[PDB]
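A short worksheet on the structure shown next.
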Amino acid sequence: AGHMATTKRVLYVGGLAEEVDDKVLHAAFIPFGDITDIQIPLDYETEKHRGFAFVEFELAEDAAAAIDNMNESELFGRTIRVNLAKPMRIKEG
RNA sequence: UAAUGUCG
């Protein structure tokens, strides 16, 4: 039919600690399905983390299960938030 | 929960 939203197999993440790395999100997101890419962009002004990230699955049903089994979770002693990404020109086609 | 998806 079509994509679940303005994006496909992508998940926004927030509430992360400044110590969280792409290996932490990979270890947290892998049991729900095959991960295909991960992003943790720094502030682009001071080279520091902002407590948010993105994760991307090989399948869309794995991203839906990840929303259903990782939202409101807790990483590094802080509560996280997880959902599909907001509308914007994505790096993908 | 919000992005300049550290340019691949």
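Heads up: the first sequence is residues -3 to -1, 1 to 90, going by the entry's author numbering.
No residue lacks a Cβ here, since even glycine has one placed at the ideal position from N, Cα and C.
Residue i versus the options, residue with shortest Cα-Cα distance
i          : options           : result
residue 9  : 73, 74 and 61     : 61
residue 79 : 73, 7 and -3      : 7
residue 17 : 32, 47, -3 and 53 : 47
residue 33 : -2, 75 and 19     : 19
residue 71 : 13, 3, 4 and 1    : 13
residue 37 : 11, 31 and 57     : 11
residue 28 : 81, 74 and 63     : 63
residue 50 : 90, 22 and 43     : 22
According to DSSP, residues forming a beta bridge with residue i
i          : result
residue 72 : 75
residue 80 : 9
Residue i, buried or exposed, once every other Cβ within 10 Å from all chains shown has been counted against 16
i          : result
residue 67 : buried
residue 59 : buried
residue 26 : buried
residue 54 : buried
residue 39 : exposed
residue 24 : exposed
residue 4  : buried
Distance cut-off 7 Å: residue i Cβ against heavy atoms of the ligand ATP
i          : result
residue 90 : Judged by which ligands are present, the structure shown has none, so any question about the ligand ATP falls away.
Query - Ranges of the alpha helix (DSSP H) found wholly within the region 7 to 64, counting only runs of at least 4 - result: 19 to 26
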